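*Asks:* No sequence on hand, only this structure:
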């Protein structure tokens, strides 16, 4: 579900790259970029927390 995003962001960027004067396309690209960033930060922050549990597991082997 993260690659569809990677796709929609590239797709939105392509449409804008070809018609940079359209504000609806600049709004769509901005919106999908932050959706992408939000999602990715959610993933990396969630992995870091699980790593905390992993650390606790390991040092209590």
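*Replies:* Here it is on my side, so go on. Residues are numbered from 1 along each chain as shown.

*Asks:* in this structure, which spans are strands?
*Replies:* In the chain, no segments count as strands under DSSP state E.

*Asks:* Could you point out the longest helix of it?
*Replies:* Secondary structure of the chain per DSSP state H: the longest helix is helix 23-58.

*Asks:* same for that helix, what does it pack against?
*Replies:* helix 3-17 (3 or more Cβ pairs under 8 Å, 6 or more residues apart in numbering; DSSP states H and E). For every residue, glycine as well, the C-beta is placed using N, CA and C.

*Asks:* The helix it packs on - contacts with which helices or strands?
*Replies:* Partner elements for helix 3-17 (3+ Cβ pairs under 8 Å, 6+ apart): helix 23-58.

*Asks:* Give me the distance from the helix it packs on to the chain's centre.
*Replies:* Mean-position distance between helix 23-58 and its chain equals 5 Å (Cα atoms, centre = their mean, to the nearest Å).

*Asks:* which parts of that helix are buried?
*Replies:* Applying a neighbour-count criterion of 16 or more other Cβ atoms under 10 Å, one finds 25, 28-29, 32, 36 buried in helix 23-58.

*Asks:* Geometric centre of the chain: which residue is closest?
*Replies:* Nearest residue to the geometric centre of the chain (Cα atoms, centre = their mean): residue 36, 2.5 Å.

*Asks:* tell me the contacts of it?
*Replies:* Residues in contact with residue 36 (Cβ atoms under 8 Å, 6 or more residues apart in numbering) are 5-6, 9.

*Asks:* The same query, at a cut-off of 10 Å, please.
*Replies:* Contacts for residue 36 (Cβ atoms under 10 Å, 6 or more residues apart in numbering) come out as 2, 5-6, 8-10, 12.

*Asks:* Any of the residues you listed buried? List them.
*Replies:* Among the contacts of residue 36, those classed as buried by 16+ other Cβ under 10 Å are 5, 8-9, 12.

*Asks:* What distance do you get for residue 29 to residue 12?
*Replies:* 4 Å (Cβ to Cβ, to the nearest Å).
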